[PDB]
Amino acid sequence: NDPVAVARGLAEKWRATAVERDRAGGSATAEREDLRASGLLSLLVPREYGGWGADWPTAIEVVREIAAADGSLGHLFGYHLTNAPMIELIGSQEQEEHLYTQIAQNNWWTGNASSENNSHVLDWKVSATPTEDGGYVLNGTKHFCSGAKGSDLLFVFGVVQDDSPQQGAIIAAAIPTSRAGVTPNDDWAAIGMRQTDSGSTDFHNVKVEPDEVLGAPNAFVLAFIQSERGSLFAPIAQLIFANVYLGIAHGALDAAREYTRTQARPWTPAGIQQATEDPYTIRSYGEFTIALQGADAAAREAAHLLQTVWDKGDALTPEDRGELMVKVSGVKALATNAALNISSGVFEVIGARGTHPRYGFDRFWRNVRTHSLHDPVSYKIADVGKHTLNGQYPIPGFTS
């Protein structure tokens, strides 16, 4: 009924273990179970199929709530949300009905071992060999996945690399993570985003049934070229990422605020009497708040635009998609730079004693600093620039 309230409940529960979990790293097994039990995994699945049928702005509010409590869980959950929509972006009506129903009925976690955003297709590690029955066999190791480990349903891409008619095609499929031959490894380590389970997954002679293949061979690339509905992949993922960062930024700001009010001491050599009345501390909080004020407002407008474009279905035009991606690109930039600035900047007001690991105050920065590198913010900014000056739209792809 009120997924945001549910998210708030989880956030409250998770704040108590936030420091220890960041320190420990590894999979957040108990928290993934909390999410499973909450029902939120089917947030975006249509109510027709047992899901919550939430709109994009609402699902984003949930992501933000979770991200503020825990950057890793925010990304884990937010990215999970982007997987199933692929089914209606490039998959068939039959697949939509079947898989949406199973996901909501079974409260499935979804994961991906999908695109290699910065490799030419014939160099991708996971190959797809066509079989006589119209399916494929997957082989190879996807070195960077998102939530494969711990997932029930895995959205995987492979490239046909033999010399058949499908040579070079990206094959998208949704298969059970528990299928023999699929090995999601426990090898994720990073300065931040430590509990996102973003390690490697091995595929050893993994069969993909014809009916598990989403769209035609190379459907995603064909959709990108045409700015068809499948080209909504990037604006959706990018807007979710931007909101994860904004959530992390709010988490950092609120943690700092509580510390300034309760633990911080005034700088007595400056004659300050109360930490909360230091004029530079006051200015810093104003600046943090104002940076988020603009970033959040922009992000909210972008979600409404995404809702509009989404609701057009296959009637969307390349212009609709391009205008959306430009707006989202700007939000990704605003969120990246606000979150980095705030998550680092709050230390100035917290002070020396707050560097103790018991506070884990650097987890916010480490989390944003890590994920913000998924794709280069410099080209987000450039895409916006090319639109402003030249009226040009981003070239659709996995990150633009």
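When you see a residue number, it is the position in the sequence shown, counting from 1.
A.B. asks: Can you tell me which stretch has the higher mean Cα B-factor, 324-332 or 98-106?
C.D. replies: Between 98-106 and 324-332, it is 98-106.
A.B. asks: If you average the CA temperature factors over each stretch, which comes out higher, 343-351 or 26-34?
C.D. replies: Taking the mean B-factor of the alpha carbons in each, 26-34 is higher.
A.B. asks: Just to confirm, going by the entry's C-alpha B-factors, which of 140, 271, 294, 235 comes out highest?
C.D. replies: Comparing C-alpha B-factors across 140, 271, 294, 235, the top value belongs to 271.
A.B. asks: Tell me which of 290, 122, 182, 242 tops the list for C-alpha B factor in the record.
C.D. replies: That would be 122, according to the entry.
A.B. asks: State the tercile, meaning the lowest, middle or highest third, of residue 79 with respect to the CA B-factors recorded for its chain.
C.D. replies: Answer is lowest: the recorded C-alpha B-factor places it there.
A.B. asks: Divide the modelled residues of the chain into thirds by Cα B-factor and specify which third, lowest, middle or highest, holds residue 92.
C.D. replies: Highest third.
A.B. asks: Ordered by C-alpha B-factor within the chain, which third holds residue 316? Give me lowest, middle or highest, please.
C.D. replies: Residue 316: CA B-factor falls in the highest third of its chain.
A.B. asks: In terms of the chain's CA B-factor thirds, is residue 254 lowest, middle or highest?
C.D. replies: Lowest third of the chain for residue 254's C-alpha B-factor.
A.B. asks: Considering only modelled residues of the same chain, in which third does the CA B-factor of residue 265 rank: lowest, middle or highest?
C.D. replies: It falls in the top third of the chain.
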